[PDB]
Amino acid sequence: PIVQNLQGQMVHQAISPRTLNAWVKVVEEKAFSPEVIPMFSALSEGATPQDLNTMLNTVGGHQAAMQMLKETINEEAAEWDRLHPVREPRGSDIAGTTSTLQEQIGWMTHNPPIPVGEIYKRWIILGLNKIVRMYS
């Protein structure tokens, strides 16, 4: 994630093994109850798209759900591209498949930010809300 350090600078830190372990338990215990989303959001404060994909890929054994999540990402990414006539990020850049970590940090700390972590996070949360609904 991008965090404010003690000096007050916005700096990058790797997503921590602690965070990732907590996210593993969340999914394991709770599957897709309403509270999975609050946990996800809390654990992904300041996350880059790289961070978010590390979290997503830890999800094992929920194959249909994770396909629904991909569907949402693809839909949101396609609409992003259509609304951002064709360096500025594309939908695939927001989702981290085609952008580098340094590009992501570059957008996130741009003046004013191009908050790709928050955008991708919005897509994911939209996806998770649809999954949670399905398990209700």
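All residue numbers refer to positions in the sequence shown, first residue = 1.
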What lies unmodelled of the deposited sequence between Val86 and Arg87 amounts to 10 or more
Higher-scoring stretch by recorded Cα B factor average, 109-117 or 16-24: 16-24
Is the mean CA B factor in the deposited entry higher across 122-130 or across 6-14? 6-14
From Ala47, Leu101, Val59, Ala95, the top C-alpha temperature factor is at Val59
Per the coordinate record, which of the options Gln63, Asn53, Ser41, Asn74 holds the highest CA temperature factor? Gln63
Hey, what third does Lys70 fall into on Cα B-factor, ranked over its chain? middle
